[PDB]
Each structure stands twice: as C-alpha cells, then as structure tokens.
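Chemist: What follows is a structure written as structure tokens; I'll ask about it next.
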Amino acid sequence: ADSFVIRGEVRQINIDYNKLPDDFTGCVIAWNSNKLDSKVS
Amino acid sequence: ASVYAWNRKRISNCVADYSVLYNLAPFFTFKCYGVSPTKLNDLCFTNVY
C-alpha cells in the first residue's frame, strides 16, 4: 500500500514525474484530500 | 468565442515543446484518444488545429 497525493494527474494515477502506469497489476483506492489534508484551499 | 460561433484556428510551422505546456493552468488535462501525451514531442504533423 503506497501513500501519495497527486494533483486533481487523476486521469493517469505528467505522473514521468515519479512510473506507476495503468497496466501495472493492482487496485486504486482514492479519495479527495480537500476535506482532511487541506485549508481554505 | 461562443459555442455556436467558434473561431477557426490553424497552427503553422512550429517547433513544438509540450513539456512547458502541461503545467500551465489552462492545460492540465489530456483526456482523449488517438494521441499520447508522452509521445507528442517525437511526432510530426501535417497541420494542427
């Protein structure tokens, strides 16, 4: 289980900027960071 | 332009650099088909609209 936050790049995982493509075998569990890891923005 | 009166635009002879474009504020997305975002820097085109 990896732990990263991207911009939105949500169509892909720009991100050659640190190689984890769609045909890599796995599941994507994802949600918005604007409710917990945020501010006004 | 408006949707019904959209302006026609053709791009002429150009040495294109796309790596400076994808991080500009109006050019964040590339949700489409038929071209690749990591391959446009190596392709040649007859014209671009």
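Identifiers in the structure tokens: chain A, B, ... in order shown; residue index from 1 per chain; ligand index from 1 in order shown.
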Show me, as a list in words, every residue of chain A with an atom at most 12 Å from chain B, counting only C-alpha atoms.

Modeler: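 So the residues of chain A near chain B are residues 7, 8, 9, 10, 11, 12, 14, 15, 16 and 17 of chain A.
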
Chemist: Using only C-alpha atoms, which residues sit within 10 Å of residue 11 in chain B once same-chain residues fewer than 2 positions away are excluded, as a list in words?

Modeler: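 Skipping anything fewer than 2 positions along the chain leaves residues 9, 13, 14, 46, 47, 48 and 49 of chain B.
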
Chemist: Neighbouring residues of range 23-35 of chain A were defined as those with any atom within 10 Å, considering only C-alpha atoms; residues of the same chain fewer than 5 positions away were excluded. Please report them as an NGL selection string.

Modeler: :A and (1-2 or 5-8 or 10 or 13 or 40-41)

Chemist: Could you write those residues out with C-alpha atoms, as a tab-separated table (two decimals), in the first residue's frame?

Modeler:
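Written file, part_5.tsv:
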```
chain	number	residue	atom	x	y	z
A	1	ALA	CA	0.00	0.00	0.00
A	2	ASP	CA	1.53	3.29	-1.14
A	5	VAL	CA	-1.21	12.70	-3.12
A	6	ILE	CA	-1.44	13.88	-6.74
A	7	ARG	CA	-2.88	16.98	-8.38
A	8	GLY	CA	-6.57	16.98	-9.25
A	10	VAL	CA	-6.10	11.82	-11.81
A	13	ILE	CA	-2.75	7.60	-11.47
A	40	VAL	CA	-9.37	27.15	2.72
A	41	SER	CA	-7.61	25.54	-0.28
```
